[PDB]
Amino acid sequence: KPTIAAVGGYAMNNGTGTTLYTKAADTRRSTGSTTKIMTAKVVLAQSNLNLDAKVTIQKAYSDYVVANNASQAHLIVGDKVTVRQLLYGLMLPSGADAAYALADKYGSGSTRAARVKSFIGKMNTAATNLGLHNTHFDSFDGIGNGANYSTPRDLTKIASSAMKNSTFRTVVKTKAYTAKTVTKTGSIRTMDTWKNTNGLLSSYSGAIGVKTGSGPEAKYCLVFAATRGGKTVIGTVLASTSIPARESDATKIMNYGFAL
């Protein structure tokens, strides 16, 4: 069994569901931004989903990242951005401004405030539906209250369920993406390139996902997935100690899973 820095860890055969690795797999902790995995999931599960639907970037999205000094995708107020582009902004650079734009768009209500509450309601429903018992969301980005928790097992199950969507898989394995946005004056703008925060996509052969995460209480987290020889391993590492250690914990666990 590999020794990892993270205090919570889990991994399974994505195809069979057979547990491969365990370390406090059912102890709840803070998720931080790994929470965006569920935002993506809920969005992609909407009946009224249209990847080509444009969204105007509101001043609110911008002020939000500032008020919370959160990670962002550098969305420009006034710009029209497609739902598909927002999914790359959410998952690659971990854009909290993009997460907000998505919650506001797919929540149900007459005000932005009403719609984000309804959206977070959806996130929690999608969890219950997965038959989860240790997961609870209080935000759409993971930057909201201590009532935002999960466990290495629940989160892995949430990721495995999202990896079932082809658009999700396409996004999560992309190393770089350059959004071409429509401007206030109707012109095309070339945004600065978004690079994926997940280093495994470049350091670990076969790596296909899924999403990094961090926070004041969540520390450094990583939900990984790699496929080798037709066998795909998927897992989660919660509360590792550094960006490098998070990727290391994951690498050690995956190497262990593939050789079992």
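A residue's number is simply how far along the shown sequence it sits, counting from 1.
Across the two stretches, 6 to 14 and 246 to 254, the PDB entry reports the greater mean Cα temperature factor for 246 to 254.
In this crystal structure, the stretch out of 225 to 233 and 207 to 215 whose C-alpha atoms carry the higher mean B factor is 225 to 233. Based on the entry's C-alpha B-factors, the most elevated value among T35, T27, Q46, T197 belongs to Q46. Of the candidates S94, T151, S187, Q85, it is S187 whose Cα B-factor is highest according to the PDB record. The deposited CA B-factor of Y64 belongs to the highest third of values across its chain. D104 sits in the lowest third of its chain by CA B factor, as recorded in the PDB entry.
In the PDB entry, a CA B factor belonging to the middle third of its chain's modelled residues is recorded for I57.
Looking at the C-alpha B-factors along this chain, the one for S202 belongs to the highest third. In the deposited entry, the Cα temperature factor of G89 places it in the lowest third of its chain's modelled residues.
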